[PDB]
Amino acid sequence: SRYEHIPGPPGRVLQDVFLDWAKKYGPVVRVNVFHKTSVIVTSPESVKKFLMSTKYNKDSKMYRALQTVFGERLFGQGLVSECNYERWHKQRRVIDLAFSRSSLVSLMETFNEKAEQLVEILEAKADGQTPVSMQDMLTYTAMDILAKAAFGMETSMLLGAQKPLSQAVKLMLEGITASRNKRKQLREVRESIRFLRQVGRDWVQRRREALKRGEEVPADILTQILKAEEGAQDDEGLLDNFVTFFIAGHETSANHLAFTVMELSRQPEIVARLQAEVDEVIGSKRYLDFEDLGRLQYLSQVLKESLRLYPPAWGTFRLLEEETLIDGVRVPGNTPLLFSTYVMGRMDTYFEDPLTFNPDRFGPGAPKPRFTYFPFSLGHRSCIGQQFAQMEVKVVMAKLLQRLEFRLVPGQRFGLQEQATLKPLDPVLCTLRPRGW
């Protein structure tokens, strides 16, 4: 009853229902999400006010399903799910060091090697007949990149290794989904969560043992994760961040890659342009250097446009502590505010012809979206891995475009599913040919 005065109702996802309601009912709408009444706020003035201020913090109630699933600690109080500002701030500042320009430059070798491995595997299947799940292949690639870059671990999923680990990730993601919106499922979800955390403990022990023997350990994300816990009473905080980075550091990247490949399969003219760009910039070099990345301007634009229509992470929540007028609507104190880049990206008020895929929206001369586009969020709680993700996906995409042509198998759909993140409904089944065929 405390919300009844707020405007709202009396391969398709809940975010689409939210979009319809925002269009119908305006910039402040009451909805039900993850068992709780929330208010979806979709004006750019509100996006700016709430995300660009340390006064507003995340609503912990909306992150519970990350923290713990079916009584098994998952991300716990790691970097995504920690909602107390001072606790968040301490760990952010320490982990930031691993995402410095110089840090990320050093990761180019890893990005290149895994992308090259993927392309060689795909080239061997490029007979224009064999169906290849690009979602699967891109997920394996993203996992292999993350594991190596962040932890110095070789998962070798591209070689078909670590099937248990692969299963654990999938069931855990299903657990998150079920938590927020029987006996065998509970059992499998719980065991998968404990497995992921045990992977953490095992790899942490290996790291500590390497350090003790004075073996060479290149500074990475894990270094800073360890550093953040220097004087902790237990390793539970460390394992929180292990699992946080293990999952967050590949899932969304994989989703973004899958969406991009899927969309480009029906954009032959754009693909031709991307191919030409890659041809001119990198030529027949096997390896992309860091300075090549900035030169792939048209690819940057396509990837931005991909994130506008297909953000893997649709948005974020802030807790409104005191009653506030938002765009002419009285919103009670202690209310989760829902921000959605998915919704605003598809609103004609913010983007002309919103369903049209147009990389030119992000062209040099074009007016930049002002608080209407935030696939990595905005403000202090924006994605720590934003530049990491942008680099790795550009490396992977450039290498695909250099070497291969992709056709979506007829019957494959362009719809989304909502399953902890947004991802293609279908496996993005494609046939492949070498370029110049």
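Numbers follow the displayed sequence, beginning with 1. If you superpose the two forms and keep the largest set of C-alpha atoms that fall within 1.5 Å, you have the rigid core.
- Here 216 to 224 and 253 to 261 are scored by the root mean square distance of their C-alpha atoms in 9 other deposited structures of this protein, with each structure fitted by the rigid core; the higher score goes to 216 to 224.
- In terms of root mean square C-alpha deviation after superposing on the rigid core in 9 other deposited structures of this protein, the stretch standing farther out between 290 to 298 and 163 to 171 is 163 to 171.
- Unmodelled residues of the deposited sequence between neighbouring positions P10 and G11 number 10 or more.
- According to the entry, the stretch of the deposited sequence that connects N181 to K182 contains 4 to 9 residues lacking coordinates, which leaves a gap of moderate length in the model.
- When the two stretches 258 to 266 and 163 to 171 are set side by side, the higher mean Cα temperature factor goes to 163 to 171.
- The PDB entry reports B-factors from which the mean C-alpha value can be compared for 419 to 427 and 11 to 19; the larger average falls on 11 to 19.
- Remark: of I121, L337, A149, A219, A219 shows the highest value [criterion: C-alpha B-factor in the PDB entry].
- Of the candidates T316, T341, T252, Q233, the one whose C-alpha carries the top B factor in the deposited record is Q233.
- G283: CA B factor in the highest third of modelled residues in this chain (values from the PDB entry).
- In this PDB entry, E215 carries a Cα temperature factor that places it within the highest third of its chain's modelled residues.
- Residue-level temperature factors show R273 in the lowest third of its chain, judged at the C-alpha atom.
- When the modelled residues of the chain are ordered by their C-alpha B factor, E72 lands in the highest third.
- Split the chain's modelled residues into thirds by C-alpha temperature factor. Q301 is in the lowest one.
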